[PDB]
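**Q** Just the starting chains for now, same placement as in the complex:
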Amino acid sequence: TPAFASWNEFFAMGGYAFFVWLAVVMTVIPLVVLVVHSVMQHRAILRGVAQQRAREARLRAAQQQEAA
């Protein structure tokens, strides 16, 4: 059933292979970098909200110092 019987000719399709694999790598790169960018920005904004909570935690600590 497979059109390509040999595993090696799956990497060399009749001399047109390099441009096909260039299309493959320029297909993989932008989608992967988009997904990693968006997941990293989600984690970064969560960490930024955590650090923000740290800074008004210090502000309420200073308010308790002022009250005492």
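**A** In hand now; what should we look at? Numbers count the residues shown, from 1 in each chain, chains lettered A, B, ... in the order given.
**Q** Give me the neighbour count for residue A:7.
**A** When counting by other CB atoms under 10 Å, one arrives at 7 neighbours for residue A:7. Every C-beta, even on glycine, is put in place using the N, C-alpha and C of the backbone.
**Q** any chance you could map the helices in chain A?
**A** A:17-67 (DSSP state H).
**Q** I figured residue A:10 was touching residue A:17, is that so?
**A** No - between residue A:10 and residue A:17 no contact is recorded; they are 9.2 Å apart, counting by CB atoms under 8 Å.
**Q** hey, what's in contact with both of those two?
**A** Overlap of the contact sets of residue A:10 and residue A:17 (by CB atoms under 8 Å, 6 or more residues apart in numbering) is empty.
**Q** burial count for residue A:60?
**A** Residue A:60: 9 neighbours (other CB under 10 Å).
**Q** contacting residues for it?
**A** With CB under 8 Å, 6+ apart as the criterion, no residue contacts residue A:60.
**Q** Give me the distance between it and residue A:43.
**A** 26 Å (CB to CB, to the nearest Å).
**Q** How about residue A:67?
**A** Counting by CB to CB, the gap from residue A:67 to residue A:43 is 36 Å.
**Q** include chain B as well:
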Amino acid sequence: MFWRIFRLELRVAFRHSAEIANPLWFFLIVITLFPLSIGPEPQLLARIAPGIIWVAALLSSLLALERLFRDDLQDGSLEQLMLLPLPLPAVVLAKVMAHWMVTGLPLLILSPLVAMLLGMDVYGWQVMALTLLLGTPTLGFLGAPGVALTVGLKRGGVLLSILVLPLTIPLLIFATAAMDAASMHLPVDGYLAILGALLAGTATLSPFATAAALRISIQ
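**A** To build on what is shown above, here is chain B added in:
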């Protein structure tokens, strides 16, 4: 008050003349620029100058387009022009019409002069001038919402051209094809009707949404 807004816009545009001279000399420098750089072989100029004149007018009017709503925000004029007893799209139409007659109209006056530097015939001049007449209001109408979206922002640069020019491509395509065919002594009335339908569509649609965009930007 529609003609009153028209008269005020014409007077305030004509009171200074420093910023109206930049696009006209940009048009002149592009037209003077290309034939000397390309070369004096006559087989090239008759086919290349149809693109040259129209894109020169395009880039000249994109250089001119920034005056339409930018200065009125720091003068507080927009906050009173939205307050007049007249709907905002009519005022927008008046201002864009004045913007056309301050910088788009002298292109037609300069057209007999610009025809001399690059050859052509009397039929080519007539077709090119009439297509400029039918094309420059269309460009102003298509460029109005970009300026309206870019009122409140400080930016007066590449973003306006980025918003305008992809919307403005079909006018360039049809006008260049029309007058290129007119260079071949073929009748070009159908392309002229297409340009007229384009102007009718812009006049129907563009000031109706430019007012909404201007209302969004100022708030």
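**Q** now the residue lying farthest from the centre of chain A: how far from residue A:46?
**A** When each C-alpha in chain A is compared with the mean C-alpha position (CA atoms, centre = their mean), residue A:68 comes out farthest, at 47.3 Å. To residue A:46, residue A:68 is 33 Å away according to CB to CB.
**Q** Over to residue B:144?
**A** Counting by CB to CB, the gap from residue B:144 to residue A:46 is 43 Å.
**Q** Likewise for residue B:157?
**A** Counting by CB to CB, the gap from residue B:157 to residue A:46 is 35 Å.
**Q** Residue B:152 too?
**A** From residue B:152 across to residue A:46, the span is 32 Å (CB to CB).
**Q** Neighbour count for these two, which is higher?
**A** residue B:152 (14 against 10; other CB atoms under 10 Å in any protein chain shown).
**Q** May I have the residues that are in contact with that one?
**A** Neighbour list for residue B:152: B:73, B:217, B:218 [criterion: CB atoms under 8 Å, 6 or more residues apart in numbering or on different chains].
**Q** tell me what the helix or strand hosting residue B:30 is packed against?
**A** Element membership for residue B:30 (DSSP states H and E) is helix B:21-38. Secondary-structure packing of helix B:21-38 (3 or more CB pairs under 8 Å, 6 or more residues apart in numbering or on different chains; DSSP states H and E): helix B:42-64, helix B:105-117.
**Q** Chain C should join the structure above:
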Amino acid sequence: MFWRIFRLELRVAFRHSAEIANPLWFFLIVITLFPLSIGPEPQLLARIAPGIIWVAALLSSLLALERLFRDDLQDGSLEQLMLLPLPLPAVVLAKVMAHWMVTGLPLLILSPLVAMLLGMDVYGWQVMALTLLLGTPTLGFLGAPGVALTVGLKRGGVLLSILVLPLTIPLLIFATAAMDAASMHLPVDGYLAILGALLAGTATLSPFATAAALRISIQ
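**A** To build on what is shown above, here is chain C added in:
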């Protein structure tokens, strides 16, 4: 504080994390815009590439040149730049060198792609970069004085526009002739040398003249 003026001009130019792309994409707008009118045949474009890229670069520089001396007048920041404890020619040198960050080096980054889109060859790309690196700063330095004079007291009718655009004649005519003569394989070092000489001359003589121009402009 020289470099601090540099960094502040860079910060008012670029605001968000991914914002540098718009000067990169506007140049592609113009580079696609010319063949939309002219044609798709791949030899005429190789013939007319110098006019293409030089008109595009002139449009970008003239579009972004306003913020040097026009915006800072109304906000009043220009006055406390004038009273900053540093000589004014160094200040205007910093400001124009920050202006070169907007148009020149994005153009140098995008030169291979627009060379590939316009055909040409590897020698065309090499001479293309070597003339762009010398042509953008002299364009900014030569566009600075006319903008400096046009900021002056608002009475001047028509004569001030001759100081800003028609000074580009020797620069652009020398550059386009060199880039056209680079199409057919010929020695082109004698034109790059005079372009570099013009660059050195205008870089020496521009800020000291524009300092007195800004002194005259606001009185």
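**Q** and what packs on helix B:21-38, now that chain C is in?
**A** helix B:42-64, helix B:105-117, helix C:44-64, helix C:169-181.
**Q** what's near enough to touch whichever residue of chain B sits closest to chain C?
**A** Nearest residue of chain B to chain C: residue B:51, at 3.3 Å (CB to the nearest CB). Residues near residue B:51 by CB under 8 Å, 6+ apart: B:176, C:34, C:37, C:38, C:39.
**Q** wait, isn't residue B:148 in contact with residue B:210?
**A** Yes - at 4.8 Å, residue B:148 counts as touching residue B:210 under the criterion of CB under 8 Å.
**Q** Between those two, which contacts overlap?
**A** residue B:92.
**Q** Might one say that residue B:36 is in contact with residue C:172?
**A** No - in this structure, residue B:36 is not within contact of residue C:172 by CB under 8 Å, at 10.1 Å.
**Q** which residues do the two both contact?
**A** Contact criterion CB under 8 Å, 6+ apart; residues shared by residue B:36 and residue C:172: none found.
**Q** more crowded one of those two?
**A** residue C:172 (20 against 12).
**Q** my read: the more buried one touches residue C:57, true?
**A** No - with contact defined as CB under 8 Å, residue C:172 does not reach residue C:57; the gap is 9.4 Å.
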